[PDB]
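Below, in structure tokens: the form deposited in one PDB entry, a single chain.
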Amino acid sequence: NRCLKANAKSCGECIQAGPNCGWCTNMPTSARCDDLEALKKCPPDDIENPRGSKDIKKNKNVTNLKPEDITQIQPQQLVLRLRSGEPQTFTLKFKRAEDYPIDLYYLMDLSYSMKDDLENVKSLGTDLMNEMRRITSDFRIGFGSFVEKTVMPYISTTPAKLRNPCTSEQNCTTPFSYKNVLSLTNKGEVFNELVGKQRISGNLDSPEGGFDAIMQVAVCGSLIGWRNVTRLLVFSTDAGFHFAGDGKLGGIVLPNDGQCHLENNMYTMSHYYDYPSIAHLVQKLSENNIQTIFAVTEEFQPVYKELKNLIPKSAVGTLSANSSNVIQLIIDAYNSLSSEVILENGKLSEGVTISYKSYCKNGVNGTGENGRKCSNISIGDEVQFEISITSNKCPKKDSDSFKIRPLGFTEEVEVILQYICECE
């Protein structure tokens, strides 16, 4: 065997030589490190054999009423003690909560082609509030608008086009990057009133500055008013999107820093930081548990369908030319997003690897990266994941920890890893 062929000079070496290796303390010296059955073939007390284990610390039961006190993932914390090469497996239980609150921020393109949309969205407040009663008892809505970076070449910069980026007859307000019009509120009537006060704008190039705005909504936190609940971001537009690299045209080369720059509810730094990259958005949307609904016109479905494939917990729906259909669009996208859970883990150390197996309704079982997924999850449905973690020849000298969580949820599982590289 390999315990012997390892020539374990010490106990530590013997343990790191394989999870089936024991070490006697009572014929070469390295023969003290043999298979556990071989060493017996040595008093069982004189055999040193530290095995791994899973020890649960926090294990609040899935619930069946503040958002803080509702549990959908279980357990919430545990310790894995890892013999090198020996995997430790624990089970994650996920139950979709019954009456979970929803925050929906409506982020809207206000370039001129969206003028007609704006006239239908100004009643969305109360209409969406009404429709949301078949989904949740606790709904809040907010509104933000975007156009473009306010620099050449994306906007015309004649004094006159700065005042009015559109034609003289059209009475467009000055171009702007992002305005938080209304932080989240349960008052649908306030949504209606403020949205009805907003003026349509304009700019020059077809793709728009919405990524600048998405970033702000994701990272600005208390300014937007996000709770620890379902966070829906509806991104509504009839055009493509600028992204990192496009800034260079306007002499903007500093990458987006992913931090809030809202003053008086206006994004003030669009002239200074580049548009975000897709990757940067993936990071900050996921970190901030934002589920994104791309509500866009048929012309741009192809673009946004590709974008959706890159942005975790996103959905695309086909917006009508004046947003007449956006409520159903939202409901249908929400149903898509909610019926699937996707697990992501934080970074592991070198030599540490993780494996997922999923066990979903109707006996559909996933492995590989499909092991992180369960689909077709109805309200009150329970699904489970078997997660396996394995360390190799002892990384670090202390313990590590990482989080596993379903994307779009505040809830998470803290996994603390302790590596067995010695004896006692």
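Position 1 is the first residue in the sequence shown; the rest follow in order. Just so we're on the same page, rigid core means the largest C-alpha set that superposes within 1.5 Å between forms.
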| property | result |
| --- | --- |
| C42 preceded by how many uncoordinated deposited residues after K41 | 1 to 3 |
| Deposited residues omitted from coordinates between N26 and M27, as a class | 4 to 9 |
| Of 97 to 105 and 142 to 150, the stretch whose C-alpha atoms average the higher B-factor in the entry | 97 to 105 |
| Mean C-alpha temperature factor, higher of 335 to 343 and 252 to 260 | 335 to 343 |
| Out of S355, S358, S399, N376, highest CA B-factor residue | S399 |
| Residue with maximal Cα B-factor (values as given in the PDB entry) among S113, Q170, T268, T292 | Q170 |
| Where the record places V181 (Cα B-factor, split into thirds across the chain) | lowest |
| Assigned third (lowest, middle, highest) for the C-alpha B factor of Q301 | middle |
| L78 - which third its CA temperature factor falls in, relative to the rest of the chain | highest |
| Ranked C-alpha temperature factor of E189 among modelled chain residues, by third | middle |
| Record-listed C-alpha B factor of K197: chain third | middle |
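As for the form deposited with a partner chain bound, it is not shown, yet the points below apply to it.
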| item | value |
| --- | --- |
| Interface stretch in the bound PDB entry with its partner chain - options 112 to 120, 71 to 79, 85 to 93, 317 to 325, non-hydrogen atom within 4.5 Å | 112 to 120 |
| Heavy atom within 4.5 Å of its partner chain in the bound PDB entry - residue from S270, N203, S145, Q291 | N203 |
| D212 within 4.5 Å of its partner chain in the bound PDB entry, heavy atoms | no |
| Core fit, then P50 C-alpha moves 2 Å or more between this form and the one not shown | yes |
| Exceeds or equals 2 Å, Cα of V415 between this form and the one not shown, core fit | no |
| Is_shifted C374 between this form and the one not shown (CA, 2 Å cut-off, rigid core) | no |
